[PDB]
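Residue numbers (PDB author numbering), protein chains in the order written: chain I, 379 to 432; chain G, 70 to 206; chain C, 3 to 86, 140 to 154, 191 to 265, 298 to 337; chain F, 30 to 78, 88 to 149; chain H, 181 to 326, 332 to 387, 394 to 418; chain Q, 353 to 436.
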Amino acid sequence: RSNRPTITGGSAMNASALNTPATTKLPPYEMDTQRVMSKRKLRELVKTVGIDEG
Amino acid sequence: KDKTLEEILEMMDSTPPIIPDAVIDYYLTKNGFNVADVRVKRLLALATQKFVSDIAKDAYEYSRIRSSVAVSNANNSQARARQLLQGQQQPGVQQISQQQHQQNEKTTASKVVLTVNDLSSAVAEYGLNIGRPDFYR
Amino acid sequence: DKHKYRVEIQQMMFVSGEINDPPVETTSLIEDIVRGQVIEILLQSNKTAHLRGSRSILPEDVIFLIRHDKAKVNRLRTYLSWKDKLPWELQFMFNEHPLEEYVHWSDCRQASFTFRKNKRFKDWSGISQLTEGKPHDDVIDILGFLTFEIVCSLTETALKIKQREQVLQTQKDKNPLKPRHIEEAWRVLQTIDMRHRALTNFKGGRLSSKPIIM
Amino acid sequence: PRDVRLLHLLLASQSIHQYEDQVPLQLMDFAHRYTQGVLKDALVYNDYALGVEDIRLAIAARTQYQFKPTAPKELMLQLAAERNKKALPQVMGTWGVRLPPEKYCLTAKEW
Amino acid sequence: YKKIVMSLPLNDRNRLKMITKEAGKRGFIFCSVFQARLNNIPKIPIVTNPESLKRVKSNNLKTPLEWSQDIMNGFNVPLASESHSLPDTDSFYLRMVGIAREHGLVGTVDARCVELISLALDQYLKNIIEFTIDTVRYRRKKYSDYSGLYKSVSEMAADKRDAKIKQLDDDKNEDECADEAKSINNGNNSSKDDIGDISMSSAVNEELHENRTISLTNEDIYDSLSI
Amino acid sequence: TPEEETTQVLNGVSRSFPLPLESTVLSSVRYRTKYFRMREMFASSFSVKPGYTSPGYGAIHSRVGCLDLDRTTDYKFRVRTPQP
């Protein structure tokens with residue numbers, strides 16, 4: 379992961395070919411966890427305590 | 070069908086419990102909440118009576134387990150009923166009473182004692198902790 | 003270690019509800035729950051039987067711990083009727152007494204916890220670790236029947252709360300049992316009764332108690 | 030007993046010269062239960078890791103929920119300052135005692 | 181003096197002991213202001229002991245410049261009164277590592293005890309909410325083997346806070362639930378933390400009718416009312 | 353004589369006062385964190401004007417405790433104060 383946009387790419391020297399790893403892959407990321415995220419959790423806790431149950 | 074509360078009060082109209090009216094009245098006016106219905110007083114009397122029946126019954130279980138005489142009487146109940154049935158008229162006594170004397174001075178000298186060290190464990194089941202030591206040094 | 007009784011736990015799970023090949027984690031959690039419950043049963047029964055003055059744990063001494071459930075001890079009494140008088144009873148106060192897959196459904200019920208021999212059970216549960224004497228007259232048969240009942244009731248309530256969590260999930264936005304289902308089934312089965320709490324409710328102090336055995 | 034008369038000297042040391050008979054018995058049956066619970070929890074905490091820091095852990099486990107808390111004046115001062123933000127309401131000016139509204143009084147109730 | 185009948189039947193060992201006690205047996209403190217001060221201040225672990233210095237240098241644990249930052253980052257967590265939701269794993273982790281740096285533990289906090297704390301909060305609040313729920317209602321279908334919808338109010342979570350008082354931490358939280366949870370009907374609860382002032386009844396002041404524009408303090412509180 | 357023994361026994365009982373070994377100060381989470389946060393803001397805001405030194409450590413800049421890595425069961429410790 380290297381998001382620095384400056385000359386030398388946040389490295390001691392500006393070669394930029396000598397200061398970069400050989401074989402890389404994509405960094406871990408996550409999508410928008412809006413659907414799976416609940417603003418209120420205590421309402422879910424009272425929901426699993428107090429259900430209708432007839 | 071499980072009885073509704075109105076049926077219980079309609080039966081308490083006819084059958085009053087053990088704890089009489091004035092004991093319930095003293096505990097009422099000791100805890101506030103003056104009520105004028107006799108059936109609520111009889112229902113609270115029956116509730117307290119049932120709760121202490123359960124506590125004293127659990128004390129009876131804890132006092133019958135913790136004595137070797139009671140579990141040995143329950144083990145050898147019909148085994149000694151055999152000896153009592155073979156205890157016929159006087160011809161037939163010489164082959165018995167090899168074990169009768171020791172449990173005779175055990176079972177006839179044992180009366181069930183409601184004890185502090187028994188009730189403390191019967192209500193430590195119910196949430197209390199009645200810790201009375203056995204000596205004071 | 004652990005994971006000793008996995009296939010037998012699966013066999014006892016099959017009798018309660020559907021099986022759907024339960025995972026390693028559910029069987030491991032049920033094994034650790036039953037291994038804890040057996041140690042608590044043996045500790046309470048040994049504490050009760052030592053004060054009588056006999057280190058040999060009697061058969062009735064473990065039925066003492068489940069004396070409240072009358073239907074379950076009647077079930078134990080019918081379970082002790084194919085091997086081809141309680142001390143706290145009403146008669147025993149007084150001194151003297153007078154004179191196609193249905194077959195596959197059944198064979199899973201015949202599969203038990205400690206039916207074969209008490210060889211893996213004795214060093215798994217640790218019978219010799221906490222018992223001061225030699226209890227093995229019928230304590231192992233009752234300690235098999237109790238674990239069968241524990242696993243049956245535990246997976247029954249875990250199935251019912253999995254179904255209720257399923258209907259709660261399909262109502263919120265509109298197959299296998301997990302460790303969270305077993306843990307909340309444990310929370311359902313380990314709530315103290317109201318009559319066993321009544322005498323500490325208005326006074327404020329942290330209730331110390333004992334683990335309720337099934 | 031030695032501790033009945035030691036409790037006599039303890040009660041007299043704090044200027045308590047009139048008391049009943051079962052009061053040192055109640056103090057001894059409190060101290061027995063308290064020391065037994067503390068030593069049982071300390072035996073648990075020593076099997077975990088006897089000593090004095092073990093006793094300190096076992097008596098800090100149960101200080102947190104039963105006896106009188108320590109230095110509660112600054113929390114009570116903070117709590118008072120949260121309550122004494124609101125200025126006082128408007129009072130009646132008819133020189134008497136005014137009741138709450140009728141639903142907030144113990145009169146419109148039924149048995 | 182007059183206690184010859186009582187101080188004499190103590191045994192000789194007991195009396196030879198109890199003619200020796202004094203004040204100065206301890207190394208404690210008893211000034212409650214100073215106890216509250218030491219419970220208030222944030223403390224960072226330092227090192228002077230050489231064996232513990234080589235023990236903490238071997239396990240790559242850092243100097244106190246990192247533990248002080250960990251104190252600050254464990255304090256700067258949006259604690260659960262402000263967020264109005266139960267906390268998550270990163271908030272749990274940061275608060276517990278800040279607390280463990282407060283107590284002295286310079287190691288690493290395990291990743292399973294956070295989930296254990298989560299299930300602890302689960303069963304704690306489930307116990308409290310369940311024994312508030314079964315008091316406003318008698319569930320006839322439950323509690324048996326053969332009316333509408335109720336919302337629990339703060340007066341009810343004070344009313345069954347005392348009928349079953351054992352269920353609490355007995356810390357600050359129960360003190361505030363007993364002391365400040367009940368509100369009188371002029372309490373002005375649906376607010377913005379400042380509108381219960383007396384000057385919000387008496394007229395927004397306007398602006399800049401002056402060469403030097405110094406204003407009054409009754410306008411500064413209207414200025415801070417908007418934010 | 354029993355008289356000097358009795359008066360010295362009463363002298364012994366009049367000098368013994370117990371302290372508790374463990375006392376849990378009644379406090380809060382929220383008032384502690386809010387005290388810390390407001391003190392951090394107003395400690396980072398102004399300056400110190402020292403004689404020779406300022407209080408605080410890295411990113412505290414206030415009166416900070418000096419609990420050791422060992423002796424975590426001690427009842428008192430040192431604090432930081434600007435020394436001239």
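Virtual Cβ for every residue (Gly too), placed ideally from N, Cα, C.
Secondary structure of residue i, DSSP reduced to three states
i: residue 226 of chain H; result: strand
i: residue 227 of chain C; result: coil
i: residue 164 of chain G; result: coil
i: residue 279 of chain H; result: helix
i: residue 325 of chain C; result: coil
i: residue 398 of chain Q; result: coil
i: residue 351 of chain H; result: helix
i: residue 21 of chain C; result: coil
i: residue 253 of chain H; result: helix
i: residue 403 of chain Q; result: coil
i: residue 196 of chain C; result: helix
i: residue 57 of chain F; result: helix
i: residue 235 of chain C; result: helix
i: residue 196 of chain H; result: helix
i: residue 240 of chain H; result: coil
i: residue 396 of chain H; result: coil
According to DSSP, residues forming a beta bridge with residue i
i: residue 108 of chain F; result: Q/377
i: residue 431 of chain Q; result: Q/417
Which listed residue (the options) has its alpha carbon closest to that of residue i
i: residue 411 of chain Q; options: Q/376, Q/389, Q/356 and Q/375; result: Q/389
i: residue 141 of chain C; options: G/151, G/149, G/143 and G/152; result: G/143
i: residue 335 of chain C; options: C/153, C/45 and C/235; result: C/45
i: residue 340 of chain H; options: H/382, H/320, H/225 and H/315; result: H/315
i: residue 36 of chain C; options: C/205, C/256 and C/315; result: C/205
i: residue 395 of chain H; options: H/375, H/417, H/377 and H/372; result: H/417
i: residue 275 of chain H; options: H/217, H/322, H/257 and H/188; result: H/257
i: residue 354 of chain H; options: Q/432, Q/409, Q/380 and Q/427; result: Q/380
i: residue 106 of chain F; options: H/371, H/356, H/399 and H/378; result: H/356
i: residue 146 of chain G; options: C/154, C/145, C/304 and C/81; result: C/154
i: residue 179 of chain G; options: C/207, C/201, C/202 and C/150; result: C/150
i: residue 7 of chain C; options: C/237, C/220 and C/34; result: C/34
i: residue 292 of chain H; options: H/305, H/336, H/272 and H/181; result: H/272
i: residue 377 of chain H; options: H/364, H/367, H/252 and H/415; result: H/415
Anticipated Cβ contact below 8 Å, residue i with residue j, distance rounded
i: residue 284 of chain H; j: residue 373 of chain Q; result: That pair is no contact at about 19 Å.
i: residue 161 of chain G; j: residue 323 of chain C; result: Rounded, the Cβ-Cβ distance is 59 Å, inconsistent with contact.
i: residue 369 of chain Q; j: residue 342 of chain H; result: Between residue 342 of chain H and residue 369 of chain Q the Cβ distance is about 42 Å, and since that is not below 8 Å, they are no contact.
i: residue 384 of chain H; j: residue 409 of chain H; result: 6 Å
i: residue 19 of chain C; j: residue 250 of chain C; result: 4 Å
i: residue 112 of chain F; j: residue 216 of chain H; result: 5 Å
i: residue 413 of chain Q; j: residue 399 of chain Q; result: Going by Cβ atoms, the distance from residue 413 of chain Q to residue 399 of chain Q rounds to 10 Å, so no, they are not a contact pair.
i: residue 313 of chain H; j: residue 428 of chain I; result: 5 Å
i: residue 200 of chain G; j: residue 65 of chain F; result: 6 Å
Residue i, buried or exposed, once every other Cβ within 10 Å from all chains shown has been counted against 16
i: residue 352 of chain H; result: buried
i: residue 404 of chain H; result: exposed
i: residue 404 of chain Q; result: exposed
i: residue 402 of chain Q; result: exposed
i: residue 414 of chain I; result: exposed
i: residue 228 of chain H; result: exposed
i: residue 224 of chain H; result: buried
i: residue 28 of chain C; result: buried
i: residue 198 of chain H; result: buried
i: residue 76 of chain F; result: exposed
i: residue 57 of chain F; result: buried
i: residue 45 of chain F; result: exposed
i: residue 409 of chain Q; result: buried
i: residue 48 of chain C; result: buried
i: residue 110 of chain G; result: buried
i: residue 248 of chain C; result: buried
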